[PDB]
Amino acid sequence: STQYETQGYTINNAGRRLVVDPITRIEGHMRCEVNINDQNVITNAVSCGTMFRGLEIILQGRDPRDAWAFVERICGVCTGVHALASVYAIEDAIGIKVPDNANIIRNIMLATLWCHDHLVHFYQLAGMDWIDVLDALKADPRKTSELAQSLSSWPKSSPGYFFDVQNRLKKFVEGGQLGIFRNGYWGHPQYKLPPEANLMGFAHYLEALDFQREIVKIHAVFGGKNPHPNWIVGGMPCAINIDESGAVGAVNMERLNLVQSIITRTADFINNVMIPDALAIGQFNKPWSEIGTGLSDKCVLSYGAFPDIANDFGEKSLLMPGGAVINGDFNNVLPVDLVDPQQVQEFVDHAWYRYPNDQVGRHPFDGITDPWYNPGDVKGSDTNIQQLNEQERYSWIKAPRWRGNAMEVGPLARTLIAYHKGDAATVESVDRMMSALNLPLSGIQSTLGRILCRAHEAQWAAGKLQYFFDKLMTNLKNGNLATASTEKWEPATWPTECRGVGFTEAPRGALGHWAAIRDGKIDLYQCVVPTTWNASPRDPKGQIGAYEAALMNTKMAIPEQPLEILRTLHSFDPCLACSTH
């Protein structure tokens, strides 16, 4: 066994090794291994992406106008976010400016995704780490009603309703066909909600599974379908016609009425179901404000997102702030430049890829995606991994760093960046939220904090949906209908050689697509995706990524039941298809 020091952690692979493969209730394929000491405390954590498809390779030789459709298929969970990054990147390379309505609609698409992706994560993915579903069977329906009504004005709270939900769960379980609940961690000492709260949460899990389907109707109006809506380089394809012949063939007042109806319902659900549930999880699980800190008190990164001035990606335009903090120095939020070769670099010395020199990091404009499955000395064989060898190559995920620093990205990262840039709304919201839980600010920098920030962001995004919709309606009232710029649609109008960067904040964090065009075709296309940052393997200095750091130092009650590991990993909302692409 070996031991070394990095980022204030002691990485020690002595002691019992635990393996969790597959990681479930994530998107895609992940393996996690840890070592635990004699006190059942994690002294080593190993994050492994167990899939690869090679979109960066597939994109070579494609028409830049087609790229968004290919890269959208990086992920069907954060569906649309790669298409947005792609059209931004191609427009940046070619020198295309889109009309205001196109930008507004794109912002709507992204805010819709944030609302949907965050809501479903909270209930369908992370929910069962916090809610003991089987324990809901012991709840008193009247006490459940009283609890729900004490937390929220949400209408659906009658004793009869909770009794009906409980009875349906009873009948579901009674025949022994437990489906998704089979062989779960129910009864684990870390489940701390009373039975009434478990029934309330389970009822809401079902309500959210039903309701999420409605949110994406906004993507269907503007983008044709969800998952995987359509886009164009130059704007959006959803031509608008309000008051002219043929409005039946376009985005018209009836289509806009539908969108408005969805926005209102989405805000209602997030504000009155998700938000109180998140705060309730906080109230009953305060020790988790001190677990899973990882890099969140050291290094956090946001590119920023939601440009409110069309075609302006500067600080004054982006509604969601960008910046970087390193070395725990939150008094100095640093500017980020995605073209600077000394800023974003990816290392592969611990990943399954070939570089000419694996001891150096490559900026994505110099990126290489040459897969090389080489696990070295596992316990087992090349096709039977019993234990990954984290001293060599152990993942399909590349290792991104910012100025050589390992960074956390995502809702907690963004919240910290906005807070410390002095965003008045963020400061007010965060302060009020931590006050309600009687926790210090530092309590946000934790597994519990990731979940709270995600809920906060869903609420923020639902509000922004109305803001963007009102912006769109204002343009229409002023007779501004344009949704596409086609001046540079034809390849004959393009520079022979150009490159561009498209960036945004996907639900899970900082997303960038770097594209180089030559002779009308994609010459290079490199993606660095939020889960690539968070699920990163180690670098040449042995520095650990966000997941590995968040797992470090964690006490497990029952080693063979990895509930604490799942809680912390799920708090980041891992998307492994995104991470590996």
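For every residue, the number given is its place in the sequence shown, counted from 1.
S.K.: Which of the two stretches, 79 to 87 or 371 to 379, shows the higher mean Cα temperature factor in the record?
M.R.: Higher mean C-alpha B-factor: 371 to 379.
S.K.: Averaging the C-alpha B factors as listed in the entry, name the stretch that ends up higher: 136 to 144 or 482 to 490.
M.R.: Comparing averages over the C-alpha atoms only gives 136 to 144.
S.K.: Per the entry, which of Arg73, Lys398, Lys316, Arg414 tops the list for Cα B factor?
M.R.: Top of the list by C-alpha B-factor: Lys316.
S.K.: Name the residue from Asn226, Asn107, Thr504, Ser429 with the greatest C-alpha temperature factor listed in the entry.
M.R.: Comparing C-alpha B-factors across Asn226, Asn107, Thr504, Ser429, the top value belongs to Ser429.
S.K.: Once the chain's modelled residues are ordered by C-alpha B factor and cut into thirds, is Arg65 in the lowest, middle or highest one?
M.R.: It falls in the bottom third of the chain.
S.K.: Split into thirds by Cα B-factor across the chain's modelled residues, where does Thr50 land: lowest, middle or highest?
M.R.: CA B-factor rank for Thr50: lowest third.
S.K.: Once the chain's modelled residues are ordered by C-alpha B factor and cut into thirds, is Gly28 in the lowest, middle or highest one?
M.R.: Middle third - that is where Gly28 ends up once the chain's C-alpha B-factors are sorted.
S.K.: If you rank the chain by CA B-factor, which third does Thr531 end up in: lowest, middle or highest?
M.R.: Answer is lowest: the recorded C-alpha B-factor places it there.
S.K.: If you rank the chain by CA B-factor, which third does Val34 end up in: lowest, middle or highest?
M.R.: For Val34, whose C-alpha B-factor we compare with every modelled residue in the chain, the answer is the middle third.
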